[PDB]
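>>> Below is the sequence, then the experimental coordinates.
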Amino acid sequence: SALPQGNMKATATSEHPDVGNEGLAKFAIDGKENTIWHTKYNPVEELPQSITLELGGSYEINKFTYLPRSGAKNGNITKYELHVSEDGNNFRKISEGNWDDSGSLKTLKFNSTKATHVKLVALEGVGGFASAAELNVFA
Ligand SMILES: CC(=O)N[C@H]1[C@H](O[C@@H]2[C@@H](O)[C@H](O)O[C@H](CO)[C@@H]2O)O[C@H](CO)[C@H](O)[C@@H]1O
Ligand SMILES: [Ca+2]
Ligand code: NA
């Protein structure tokens, strides 16, 4: 079951200002599929870039989901790392891999681990950007 996004805070290395349905980091956890976090594209900041979710406490987590934007593909993430921290400072890599560029939900499962923060690192994305409609973390 998903940890409540409402208790979370989102920050990112790069984010596009609020021009509607993009591109602030907080849009990745607002519960709306029509709103997205998107990395700066004026002018563009190159990958890699990341987004960090402060969980709102220490939880033991085993799953992560990435929902891409709908109706367009720019920034759909195709190569990632997932890192965790228990102190907000030190991060450790727990997952890495590839995703297809489609709009489909991407799911990561991993051995249960304690975390106060989860960081999604975007190494590759459509168009040289990174974006996300919704991010969720599961215990
Ligand atoms: C609606 C949309 O997809 N906006 C993204 C935007 O995508 C393209 C532009 O790249 C192009 O110049 O014009 C298109 C018109 O159909 C469309 O707006 O590109 C942005 C990054 O440059 C960002 O990804 C927008 O989310
Ligand atoms: Ca959203
Ligand atoms: Na934090």
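Arrived safely, thanks for sending. Residues are numbered from 1 along each chain as shown. Ligands and ions are numbered 1, 2, ... in the order given.
>>> Give me the residues contacting stretch 64-76.
Identification of contacts with stretch 64-76 by C-beta atoms under 8 Å, 6 or more residues apart in numbering yields 33-34, 36, 38-39, 77, 80, 82, 95, 99, 101-108, 110, 118, 120, 125-127, 129-138. Quick note: C-beta positions are derived from backbone N, CA and C, even for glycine.
>>> Now do the SS call for residue 28.
Following DSSP: H, G, I helix; E, B strand; the rest coil, residue 28 is assigned to helix.
>>> Wait, it touches residue 50, no?
No - under the criterion of C-beta atoms under 8 Å, residue 28 makes no contact with residue 50, lying 11.4 Å away.
>>> Correct me if wrong: residue 83 contacts residue 93.
Yes - assessed by C-beta under 8 Å, residue 83 is found in contact with residue 93 at 5.1 Å.
>>> Could I have the CA atoms of the helix or strand containing residue 50 written out in CSV?
Assigned by DSSP states H and E, residue 50 belongs to strand 49-67. Extracted as CSV, the C-alpha positions of strand 49-67 are listed here (Å, rounded to 0.1, in the frame of the first residue of the first chain):
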residue,chain,number,x,y,z
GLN,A,49,18.8,15.3,-12.9
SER,A,50,16.9,14.1,-9.9
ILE,A,51,13.8,14.4,-7.8
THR,A,52,13.7,13.7,-4.1
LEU,A,53,10.7,12.7,-2.1
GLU,A,54,10.9,13.3,1.7
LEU,A,55,8.6,10.6,3.0
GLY,A,56,7.4,12.3,6.2
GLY,A,57,9.0,9.7,8.5
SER,A,58,11.1,6.5,8.4
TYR,A,59,9.4,3.7,6.7
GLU,A,60,10.4,0.3,5.4
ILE,A,61,9.8,0.4,1.6
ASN,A,62,9.8,-2.2,-1.1
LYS,A,63,8.2,-0.6,-4.2
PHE,A,64,8.2,2.5,-6.3
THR,A,65,6.0,3.6,-9.2
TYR,A,66,6.7,6.2,-11.9
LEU,A,67,3.7,7.5,-13.9
